[PDB]
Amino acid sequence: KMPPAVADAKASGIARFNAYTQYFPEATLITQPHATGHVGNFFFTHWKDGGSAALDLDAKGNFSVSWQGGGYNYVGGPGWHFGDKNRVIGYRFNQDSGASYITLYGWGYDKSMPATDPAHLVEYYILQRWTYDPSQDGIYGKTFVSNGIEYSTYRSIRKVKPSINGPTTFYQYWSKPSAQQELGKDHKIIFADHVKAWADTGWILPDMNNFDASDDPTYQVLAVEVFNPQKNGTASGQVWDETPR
């Protein structure tokens, strides 16, 4: 549409994805079961299997996520419709009732690779806050420091499970810090450090800039994830681009 990267995504056909809604020039409240779209220059993904969970997002990247009790799962947040190995992501959370985890969240997908190789499709996470450890099914890779924070890497396998390319078998890459990242303070994710840490143990990311998958672009967002919540909650903050010239 009007922001140049949104124009490009539109011209490349992002709207053919079933979940894609539209470009919103002003703040938008997303309440339907599953939606992607753009608010300003910010891509978003939003998905719940039920309940009132909602994403309120403006064109400055400010956002708030609410979720309902009753066990309904939620994953959603704002960012970019493509991943960039050299992106530096800035964010803060001012409030977090206790989401299952808060994380950079994205996908790579290489249609030229055999689908029987789980490395053809990767769901990746840079965890920042958590009350549930989603890497608990993963194998340990290595420990390293990025932006003065110690992280450890993990890789898990998902067998015939949902994905941006439909039900299939694929790898998840994780990076988990030694401490919860504090509320009320700006943080920075130097994505290239985590890409390198994964490559150091031979865990390579497939293509992060394509619309080849069935259901979604190979997006990269700052996501609030909530699984089987016993109480309602909210998490609010902001995301932005810290990548230097």
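When you see a residue number, it is the position in the sequence shown, counting from 1.
Two stretches are in play, 187-195 and 66-74, and the higher mean C-alpha B-factor belongs to 66-74. Higher mean CA temperature factor between 110-118 and 159-167: 159-167, per the PDB entry.
Looking at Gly40, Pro217, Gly37, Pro206, the one whose CA carries the top B-factor in the deposited record is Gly40. Sort the modelled residues of the chain by CA B factor and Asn210 lands in the middle third. In the deposited entry, the Cα temperature factor of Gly148 places it in the highest third of its chain's modelled residues. Remark: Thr28 belongs to the highest third of its chain, ranked by C-alpha B-factor as recorded.
The entry lists a Cα temperature factor for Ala9 that places it in the highest third of the chain's modelled residues. Per the PDB record, residue ranking by Cα B-factor puts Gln128 in the lowest third of the chain.
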